[PDB]
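Notes to accompany the following structure.
Protein chains: 2
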Amino acid sequence: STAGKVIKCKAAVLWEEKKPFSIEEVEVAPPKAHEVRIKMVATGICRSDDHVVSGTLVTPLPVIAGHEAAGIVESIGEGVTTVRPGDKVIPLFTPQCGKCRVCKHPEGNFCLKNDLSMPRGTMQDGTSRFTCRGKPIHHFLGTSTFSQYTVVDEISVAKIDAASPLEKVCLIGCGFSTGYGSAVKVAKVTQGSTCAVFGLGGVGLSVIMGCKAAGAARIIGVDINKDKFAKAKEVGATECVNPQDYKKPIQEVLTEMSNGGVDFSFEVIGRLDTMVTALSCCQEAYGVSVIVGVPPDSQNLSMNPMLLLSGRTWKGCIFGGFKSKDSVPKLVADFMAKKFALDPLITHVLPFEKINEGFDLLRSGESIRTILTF
Amino acid sequence: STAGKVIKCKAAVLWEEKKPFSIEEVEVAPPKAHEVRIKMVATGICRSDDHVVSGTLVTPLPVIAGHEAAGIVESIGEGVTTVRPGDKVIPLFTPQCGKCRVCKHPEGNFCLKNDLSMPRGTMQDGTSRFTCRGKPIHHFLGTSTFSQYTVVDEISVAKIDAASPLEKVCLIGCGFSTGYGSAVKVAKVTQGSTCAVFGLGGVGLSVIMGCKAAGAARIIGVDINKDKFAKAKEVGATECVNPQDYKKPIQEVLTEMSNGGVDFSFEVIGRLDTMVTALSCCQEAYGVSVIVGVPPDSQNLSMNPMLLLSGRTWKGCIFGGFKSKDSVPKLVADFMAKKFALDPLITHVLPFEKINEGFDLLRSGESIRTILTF
Ligand SMILES: NC(=O)c1ccc[n+]([C@@H]2O[C@H](COP(=O)([O-])OP(=O)([O-])OC[C@H]3O[C@@H](n4cnc5c(N)[nH+]cnc54)[C@H](O)[C@@H]3O)[C@@H](O)[C@H]2O)c1
Ligand SMILES: NC(=O)c1ccc[n+]([C@@H]2O[C@H](COP(=O)([O-])OP(=O)([O-])OC[C@H]3O[C@@H](n4cnc5c(N)[nH+]cnc54)[C@H](O)[C@@H]3O)[C@@H](O)[C@H]2O)c1
Ligand SMILES: OCc1c(F)c(F)c(F)c(F)c1F
Ligand SMILES: OCc1c(F)c(F)c(F)c(F)c1F
Ligand SMILES: [Zn+2]
Ligand SMILES: [Zn+2]
Ligand SMILES: [Zn+2]
Ligand SMILES: [Zn+2]
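Residue numbers (our numbering), protein chains in the order written: chain G, 1 to 374; chain S, 1001 to 1374.
Encoded structure:
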């Protein structure tokens, strides 16, 4: 048995910013109390993982990144009650401790045990389970899914349906749930409304899915890469616009197209300028804009607060506003009942060993989601 | 009779910025089609009127300001159906045309016929009803209440209870309704919640009234003028804090006081810094912050969008989110039914001829609302 023992396995270690991942052997300690060690089956490449590489997102290095994944429990530490060895699970990059003021709140999901706001790159106990070349390696968001085995705190894992296809449902661990929830839960898109979605990657496509599910009459996709438009229309966009085609700023174009502003807009890119543009293009009196994209570290946007005084609502969210541990199993169940589709987001499949090629595909603009198989 | 004739009367004309009002004779044309001429009875001094004087707000000059008032209809133009001569009325600085997309929207109140966004300083027809010393004088927000008589568009006036005390209910024309609605309608303050209110003038006090009416457990008033604290506690503040008393930024103080951030915060001053502070002090995952204050013309704030990404909601409003013509008569009816109090807001009552003294009282920090009586 491997239970109670250090596992040697391959992981994708990021030693330095702006460098390829190094696929090499790591040592994965056994789980301590209220920890779970997971044999990974599939992990998606989310733009936020790339942000770690580019320095857009600052987290301590060296690191094992990865946060969108699914696997099978190898072993559980003392006191674990919510998963067992052999269970299929999705790591939760937003934990759900169930005890903090946010977890107890009907609408909050950004559990105070998160490692996002001020990343330490550790387990909840402030230590690491990973060694590489004899050196400690940081965790990422308590998940570190770019490894054949990871160890996560119990509050950062959800048991999912035993019959789930892990190579699909890993997307519920970040990109699908985030985009879909941003529309259906956070914005609360209404039937007959007009939506504008900035950024047509995996997350933006999932926003469109949610807007369509909510009954939006018009869903305007916005991207500077027109190659993204065909898939956006397939999943529900009624029109697509490329800001580069227009002389005027796209907020003006979108205001004109929507006869005075859209009902709901979404920033699904990660740029300060598009966050302000997305706000501006919603109707000034009753529009709602949701920020989903991750901004470059420590940078402030500039905006005129008259955009809000007139009546706009501006909000953001992590993980689509979903309470993670409650929601992930339900989302999987709904997927299994064909309530939504994940295949439109999956454009490439690669073995884990080809992780760098998977990032190249994202960076070139060619992929939506590449799923890596272990 | 005056009907159908030019009225010569007294008004407070602002000829240029940063100068006293000139109290002198103006000529007031009779109302054209769909216009209403009102004999003013009482008008309040709102900080937004002072913003015109100070240049914080830009609107065409020379101007007859004033927007918080009540009076009695002197005459109506052809086609007016909603008021008649002799009716008590409140001018509506936010109109309610009933036809535009905002008026038709269940939540929106910032009617597209407003003269706030891009002020012209005219009637709806692009002309003025005021002359002074042979010169045309601009209107202000379609109301211009600093005059013994004004002319307003029908969409900018509401009929109110004939038994209403006009020297109190004029506050429903701006400051009471704005603050109360910002809490009860826009923020939707919840029972048992913790609120922070920045600025304890007439509008901030009305926010406190609304937070208390909504059942907030804690209502923390914030002002740099500690003389404002006693009245804030009278109307429901459970604690008051002066940022000047602390070595740390007040957002940190308020986060600590509320064991991790407030449920609802309100900016009721008009400063960019306090807008960002008020946002920051609400709980990062589920907090709501509402901007009520009017900041200086054309200035942008700077903020880190991570404040929103974690889950905060940021909104603003004009006139407390109330659809003006529907809401004003109901608010007056509620006042007459003793559902809320207005006396706590009224610190001074002066003749109209003392308008400048009234503004000096506001600027010195001594008054909440001065009511000017004609
Ligand atoms: N809030 C959350 O919980 C959460 C979850 C997942 C992803 N994210 C972030 O969401 C963003 C999108 O992630 P993704 O879908 O994986 O990324 P992606 O696949 O890189 O998609 C981004 C899209 O934005 C497009 N784009 C780039 N610049 C512009 C521009 N100026 N105007 C219009 N379109 C432009 C780009 O062409 C691409 O199709 C990233 O910033 C992620 O870090 C946030
Ligand atoms: N959104 C609307 O529809 C609407 C309606 C009415 C008023 N307003 C605006 O709301 C604001 C308040 O109006 P009001 O109540 O008549 O004004 P006011 O009576 O001057 O009250 C403002 C209060 O803010 C206090 N203050 C000033 N600087 C600070 C600071 N740094 N920190 C904390 N407190 C501070 C000040 O001492 C005073 O008590 C003004 O900007 C108005 O223009 C907006
Ligand atoms: O893609 C999800 C995601 C986020 F939304 C973040 F805000 C973040 F910091 C991060 F590391 C992450 F992975
Ligand atoms: O006090 C109400 C009020 C406002 F909220 C404004 F935004 C404004 F421009 C103005 F002139 C005004 F009077
Ligand atoms: Zn929690
Ligand atoms: Zn992600
Ligand atoms: Zn209207
Ligand atoms: Zn006012």
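Just so you know, even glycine gets a beta-carbon here, dropped at the ideal spot from N, CA and C.
For residue 1057 (chain S), the secondary structure class from DSSP, reduced to helix, strand or coil, is coil. Across the structure, residue 342 (chain G) and residue 213 (chain G) are spaced so that their CA atoms are roughly 14 Å apart. Chain S has no Cβ within less than 8 Å of the Cβ of residue 324 (chain G).
Pairing residue 350 (chain G) with residue 314 (chain G) gives a Cβ-Cβ distance that is not under 8 Å. DSSP, reduced to helix, strand and coil, places residue 303 (chain G) within a strand of the structure shown.
For residue 127 (chain G), the closest alpha carbon among the candidates G:160, G:307, G:140 is that of G:140.
Per DSSP, reduced to three states, the secondary structure at residue 1141 (chain S) is coil, with no helix or strand assignment.
For residue 192 (chain G), the closest Cβ of chain S is not nearer than 8 Å. Residue 1022 (chain S) places its beta carbon 8 Å or farther from that of residue 1028 (chain S). In this structure, the alpha-carbon of residue 1202 (chain S) lies about 22 Å from that of residue 1262 (chain S). When the Cα atoms are used, residue 108 (chain G) and residue 187 (chain G) turn out to be separated by approximately 14 Å. Three or more beta-carbon pairs separated by less than 8 Å link the region 1147-1164 of chain S to the region 1322-1330 of chain S, which places the two stretches in contact. The C-beta separation of residue 211 (chain G) from residue 236 (chain G) comes to about 7 Å, placing the pair in contact by the 8 Å criterion. Here the distance from the Cβ of residue 170 (chain G) to the nearest heavy atom of ligand 6 is not below 7 Å.
Of the candidates G:218, G:365, G:131, G:131 places its Cα closest to the Cα of residue 64 (chain G).
With a minimum length of 4 residues, the unbroken runs of alpha helix (DSSP H) contained wholly in the region 217-289 of chain G fall at 229-235, 250-257, 272-281. Contact between the region 46-59 of chain G and the region 287-296 of chain G is present, with at least three C-beta pairs closer than 8 Å. By the neighbour-count criterion, in which a residue is buried when 16 or more other Cβ atoms sit within 10 angstroms of its Cβ, residue 1259 (chain S) is exposed. For residue 1027 (chain S), the enclosing beta strand (DSSP E) has its first and last residue at 1022-1028.
No Cβ of chain G is located within less than 8 Å of the beta carbon of residue 1068 (chain S). Taken in chain order, the complete beta strand (DSSP E) segments of 3 residues or longer contained in the region 1055-1106 of chain S are 1069-1076, 1088-1091. Sequence-ordered contacts of the region 1303-1337 of chain S with chain G read 1303, 1304, 1305, 1306, 1307, 1308, 1309, 1310, 1311, 1312, 1313, 1314, 1315, 1316, 1317, 1318, 1321 [C-beta pairs closer than 9 Å].
Listed along the chain, the chain S residues whose CB falls inside 9 Å of the CB of residue 102 (chain G) are 1260, 1283, 1284, 1285, 1286, 1311. When rounded, the separation of the alpha-carbon atoms in residue 1274 (chain S) and residue 289 (chain G) is 22 Å. In the DSSP secondary-structure assignment, residue 1168 (chain S) is not bridged to any residue. When Cβ-Cβ separations below 8 Å define contact, residue 107 (chain G) makes contact with chain S. Distance between residue 195 (chain G) and residue 220 (chain G), taken at the CA atoms: about 6 Å. Residue 1154 (chain S) carries a helical assignment under DSSP once its states are collapsed to helix, strand and coil. For residue 1209 (chain S), there is no enclosing beta strand (DSSP E); the residue is found in the alpha helix (DSSP H) stretching over 1202-1213. Within the DSSP secondary-structure output, residue 1009 (chain S) pairs in a beta bridge with S:1026. For residue 1075 (chain S) against residue 1030 (chain S), the beta-carbon gap comes to about 7 Å, under 8 Å, which counts as contact. Those residues whose C-beta sits under 5 Å from the nearest heavy atom of ligand 5 are, from N- to C-terminal order along the chain, G:97, G:100, G:103, G:111.
One Cα belongs to residue 366 (chain G), the other to residue 227 (chain G), and the distance between them is close to 8 Å.
Per DSSP, residue 1196 (chain S) lies in no alpha helix (DSSP H); the unbroken beta strand (DSSP E) holding it starts and ends at 1194-1198. In this structure, the C-beta of residue 1373 (chain S) stays at least 7 Å away from each heavy atom of ligand 1.
The continuous alpha helix (DSSP H) containing residue 1178 (chain S) extends over residues 1175-1181.
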